[PDB]
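Participant: Before we start, here is the structure in question, set down as structure tokens.
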Amino acid sequence: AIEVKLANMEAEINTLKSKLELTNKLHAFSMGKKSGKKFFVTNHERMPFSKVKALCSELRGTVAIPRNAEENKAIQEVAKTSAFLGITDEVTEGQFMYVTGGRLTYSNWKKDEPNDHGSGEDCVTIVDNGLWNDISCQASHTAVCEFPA
Amino acid sequence: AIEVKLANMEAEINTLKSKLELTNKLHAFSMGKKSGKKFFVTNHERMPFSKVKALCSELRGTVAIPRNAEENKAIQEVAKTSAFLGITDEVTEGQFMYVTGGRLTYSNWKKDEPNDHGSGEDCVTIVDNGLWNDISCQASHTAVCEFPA
Amino acid sequence: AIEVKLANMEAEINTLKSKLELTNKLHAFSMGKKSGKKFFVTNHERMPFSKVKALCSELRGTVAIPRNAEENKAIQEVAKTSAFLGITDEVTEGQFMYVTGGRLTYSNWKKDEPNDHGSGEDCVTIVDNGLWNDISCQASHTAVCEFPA
Ligand SMILES: [Ca+2]
Ligand SMILES: [Ca+2]
Ligand SMILES: [Ca+2]
Ligand SMILES: [Ca+2]
Ligand SMILES: [Ca+2]
Ligand SMILES: [Ca+2]
Ligand SMILES: [Ca+2]
Ligand SMILES: [Ca+2]
Ligand SMILES: [Ca+2]
Ligand SMILES: [Ca+2]
Ligand SMILES: [Cl-]
Ligand SMILES: [Cl-]
Ligand SMILES: [Cl-]
């Protein structure tokens, strides 16, 4: 009996695991996730970069990163307003790197940017028309997380 | 080995508890929940107050309750139209109480409200400009639920 | 130990099943599902009919099918643009059938439609009028899935 009860419970667990994965898929679909594309989402809350990283990380996601023009637009329509991107030049000034590793490939800088203005700007925000501006990491901007395709 | 399978089941169950919690957090984030703030949700359906209470309760939430101006604005944005609040003077005419207990403190009544008009009005709806009006609990207004910060 | 732990895990599993069901109810509510009404959802992506079917099937739903004028309007409101319906005459030209099975009990064809125009049209799209037009199953239109009341 015990071996049988255990086997039956293992079957229930597998079913429940599939049901939760279905829940995640239906949720992403309902929130706009496109086939074969990363899922971008925001709660429309503005906060310093460190908080955005902690928040996305707590959801098992990462701060949104545009790898190409298409993703840059996708992020732009989700945010609506100025939002941090998962990019910083904290290591070597002028050398922007993804918070998940690697050198910046695609970029969409606004004219005269990046200018590492004032006391310094090592974070990046996507703003009007999807263009980018480097800004202080301590400034508050919209939190946008990304989840894998 | 019976005990080995049992220990794996325990790990499978704890992994699922953690993943469901992550799924709940992501959904709340996607629906606009701000850090440290309770969040509001609606399906935009209009119904009598008793139905709204029953629906929210079943979801382990309560009819939305504005505790201050920020929350009042957040509920107004979510609702988009007249919606019941978790406030009534059903128990003792004239004394509004939160559905979850306690006397009403912060309020945002329209001029000349509440007035327990006619045969009586024991419920409350947030309306235009976000101001409040006491209304019949039998009237149908938008169902808006709140969930804990 | 063994038998007590086993009985506890059965309760842990049932608790998780109840919690997941609640999570699903909350997600549907936030998605706009109305009491006793089936609900339609979209990620706003446009794709060929075969991909819409594969996508909704994977989410355990079906391609949206209006059964009366109310549901037809509801699908029209969710899609916002042209969207495939779960109706085709792929099996026998001229005979439209629900993907779930059977002959139509309701239709809202635009004048002189369906006409299997040009190279052929075996799928159906609800347009920006609520009216229907048969169109190529290979053309890309908005994916709208349906889930039970
Ligand atoms: Ca620097
Ligand atoms: Ca810099
Ligand atoms: Ca700058
Ligand atoms: Ca009274
Ligand atoms: Ca009077
Ligand atoms: Ca009263
Ligand atoms: Ca009144
Ligand atoms: Ca044909
Ligand atoms: Ca045809
Ligand atoms: Ca046609
Ligand atoms: Cl900085
Ligand atoms: Cl009343
Ligand atoms: Cl076709």
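We name chains A, B, ... following the order of the structure tokens; residues begin at 1 in each chain, and ligands are numbered from 1 as shown.
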Quote the C-alpha RMSD, in Å to one decimal, that results from superposing chain C on chain B by least squares across all C-alpha atoms in order.

Facilitator: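 Chain B versus chain C: RMSD of 0.6 Å.
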
Participant: Find the residues in chain B near chain C: any atom within 7 Å counts, using only C-alpha atoms. Write them as a CSV table (one decimal) with N, CA and C atoms, in the first residue's frame.

Facilitator:
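This is the output file iface-v9.csv:
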```csv
chain,number,residue,atom,x,y,z
B,41,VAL,N,-7.3,45.2,-8.0
B,41,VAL,CA,-7.6,44.5,-9.3
B,41,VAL,C,-9.1,44.5,-9.5
B,42,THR,N,-9.5,44.5,-10.8
B,42,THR,CA,-10.9,44.5,-11.1
B,42,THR,C,-11.1,43.7,-12.4
B,43,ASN,N,-12.3,43.1,-12.6
B,43,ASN,CA,-12.6,42.4,-13.8
B,43,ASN,C,-13.5,43.3,-14.6
B,44,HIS,N,-13.8,44.5,-14.1
B,44,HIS,CA,-14.7,45.5,-14.6
B,44,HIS,C,-16.2,45.1,-14.7
B,45,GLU,N,-16.5,44.1,-13.9
B,45,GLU,CA,-17.9,43.6,-13.8
B,45,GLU,C,-18.6,44.4,-12.7
B,59,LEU,N,-11.2,35.1,-3.2
B,59,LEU,CA,-9.9,35.3,-3.7
B,59,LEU,C,-8.9,35.6,-2.6
```

Participant: Within 10 Å of ligand 11 (counting only C-alpha atoms and all ligand atoms), which residues show up? I'd like them as a PDB file with C-alpha atoms, in the first residue's frame.

Facilitator:
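Listing of result-v4.pdb after writing:
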```pdb
ATOM      1  CA  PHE A  49      18.659  51.055 -10.264  1.00  0.00           C
ATOM      2  CA  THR A  88      26.025  50.127 -16.933  1.00  0.00           C
ATOM      3  CA  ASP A  89      29.581  51.357 -17.529  1.00  0.00           C
ATOM      4  CA  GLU A  90      30.492  50.968 -13.858  1.00  0.00           C
ATOM      5  CA  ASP A 116      28.543  60.855 -18.052  1.00  0.00           C
ATOM      6  CA  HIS A 117      27.187  64.261 -16.996  1.00  0.00           C
ATOM      7  CA  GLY A 118      27.899  66.062 -13.730  1.00  0.00           C
ATOM      8  CA  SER A 119      29.281  63.928 -10.924  1.00  0.00           C
ATOM      9  CA  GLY A 120      28.885  60.940 -13.233  1.00  0.00           C
ATOM     10  CA  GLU A 121      26.290  58.753 -14.953  1.00  0.00           C
ATOM     11  CA  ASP A 122      26.853  54.997 -15.166  1.00  0.00           C
ATOM     12  CA  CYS A 123      23.300  53.716 -15.661  1.00  0.00           C
ATOM     13  CA  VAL A 124      21.097  53.794 -18.747  1.00  0.00           C
ATOM     14  CA  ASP A 134      22.992  57.638 -19.439  1.00  0.00           C
ATOM     15  CA  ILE A 135      21.928  58.770 -15.988  1.00  0.00           C
ATOM     16  CA  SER A 136      22.799  58.444 -12.318  1.00  0.00           C
ATOM     17  CA  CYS A 137      22.129  54.953 -10.976  1.00  0.00           C
ATOM     18  CA  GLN A 138      20.719  56.638  -7.856  1.00  0.00           C
ATOM     19  CA  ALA A 139      17.965  58.363  -9.831  1.00  0.00           C
TER      20      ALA A 139
END
```

Participant: Range 107-144 of chain C: which residues are strand (DSSP E) by DSSP, as a PyMOL selection string?

Facilitator: chain C and resi 123-126+132-135+141-144

Participant: Enumerate as a ChimeraX atom specification all residues of chain A assigned to alpha helix (DSSP H) by DSSP on the backbone, naming them with the chain letters and numbers the document uses.

Facilitator: /A:2-30,49-58,69-79

Participant: Go ahead and compute the interatomic distance for CA of residue 125 in chain B and CA of residue 141 in chain B, in Å to one decimal.

Facilitator: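 Rounded to one decimal, the two atoms are 7.6 Å apart.
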
Participant: Looking at C:113, C:71, C:93, C:146, which one is nearest to ligand 8, with distances taken over only C-alpha atoms and all ligand atoms?

Facilitator: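 With only C-alpha atoms and all ligand atoms as the atom set, the closest residue is C:93.
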
Participant: Identify, on the basis of only C-alpha atoms, every residue whose closest approach to residue 52 in chain A does not exceed 8 Å; exclude the query and any residue fewer than 2 positions from it along the same chain; express the result as a PyMOL selection string.

Facilitator: chain A and resi 47-50+54-56+63+84+143-144

Participant: If we count only C-alpha atoms and set the cut-off at 9 Å, which residues sit around range 102-107 of chain B, ignoring sequence neighbours fewer than 3 positions away in its own chain? Please answer as a ChimeraX atom specification.

Facilitator: /B:66-69,87,95-99,131-132

Participant: How would the residues just picked look written out with N, CA, C and O atoms as an mmCIF file, in the first residue's frame?

Facilitator:
```cif
data_model
loop_
_atom_site.group_PDB
_atom_site.id
_atom_site.type_symbol
_atom_site.label_atom_id
_atom_site.label_comp_id
_atom_site.auth_asym_id
_atom_site.auth_seq_id
_atom_site.Cartn_x
_atom_site.Cartn_y
_atom_site.Cartn_z
ATOM 1 N N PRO B 66 -9.850 52.544 0.490
ATOM 2 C CA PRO B 66 -8.831 53.596 0.400
ATOM 3 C C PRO B 66 -8.524 54.067 1.825
ATOM 4 O O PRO B 66 -9.426 54.525 2.523
ATOM 5 N N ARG B 67 -7.270 53.947 2.250
ATOM 6 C CA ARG B 67 -6.843 54.361 3.596
ATOM 7 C C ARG B 67 -6.248 55.771 3.563
ATOM 8 O O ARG B 67 -6.004 56.371 4.601
ATOM 9 N N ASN B 68 -5.993 56.280 2.365
ATOM 10 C CA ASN B 68 -5.434 57.618 2.200
ATOM 11 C C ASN B 68 -5.654 58.073 0.764
ATOM 12 O O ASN B 68 -6.238 57.338 -0.033
ATOM 13 N N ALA B 69 -5.184 59.273 0.430
ATOM 14 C CA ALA B 69 -5.364 59.828 -0.912
ATOM 15 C C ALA B 69 -4.652 59.066 -2.029
ATOM 16 O O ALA B 69 -5.176 58.959 -3.144
ATOM 17 N N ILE B 87 -16.536 49.694 2.742
ATOM 18 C CA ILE B 87 -16.966 50.582 3.821
ATOM 19 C C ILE B 87 -18.495 50.624 3.835
ATOM 20 O O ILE B 87 -19.101 50.828 2.790
ATOM 21 N N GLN B 95 -22.656 55.352 11.364
ATOM 22 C CA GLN B 95 -21.271 55.015 11.707
ATOM 23 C C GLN B 95 -20.650 54.096 10.671
ATOM 24 O O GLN B 95 -20.862 52.881 10.704
ATOM 25 N N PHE B 96 -19.888 54.657 9.739
ATOM 26 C CA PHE B 96 -19.260 53.806 8.741
ATOM 27 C C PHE B 96 -18.094 53.032 9.331
ATOM 28 O O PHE B 96 -17.340 53.548 10.151
ATOM 29 N N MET B 97 -17.976 51.774 8.913
ATOM 30 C CA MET B 97 -16.947 50.872 9.405
ATOM 31 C C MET B 97 -16.332 50.148 8.214
ATOM 32 O O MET B 97 -17.000 49.941 7.207
ATOM 33 N N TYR B 98 -15.071 49.751 8.333
ATOM 34 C CA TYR B 98 -14.435 48.988 7.271
ATOM 35 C C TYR B 98 -15.054 47.588 7.336
ATOM 36 O O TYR B 98 -15.404 47.117 8.422
ATOM 37 N N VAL B 99 -15.202 46.931 6.189
ATOM 38 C CA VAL B 99 -15.798 45.598 6.176
ATOM 39 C C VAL B 99 -14.958 44.634 7.008
ATOM 40 O O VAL B 99 -15.466 43.639 7.521
ATOM 41 N N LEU B 131 -14.230 61.046 -5.650
ATOM 42 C CA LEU B 131 -15.000 61.380 -4.456
ATOM 43 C C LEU B 131 -15.930 60.210 -4.143
ATOM 44 O O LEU B 131 -16.158 59.360 -5.004
ATOM 45 N N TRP B 132 -16.470 60.184 -2.922
ATOM 46 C CA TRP B 132 -17.350 59.111 -2.479
ATOM 47 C C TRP B 132 -18.803 59.526 -2.286
ATOM 48 O O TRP B 132 -19.107 60.687 -1.997
#
```
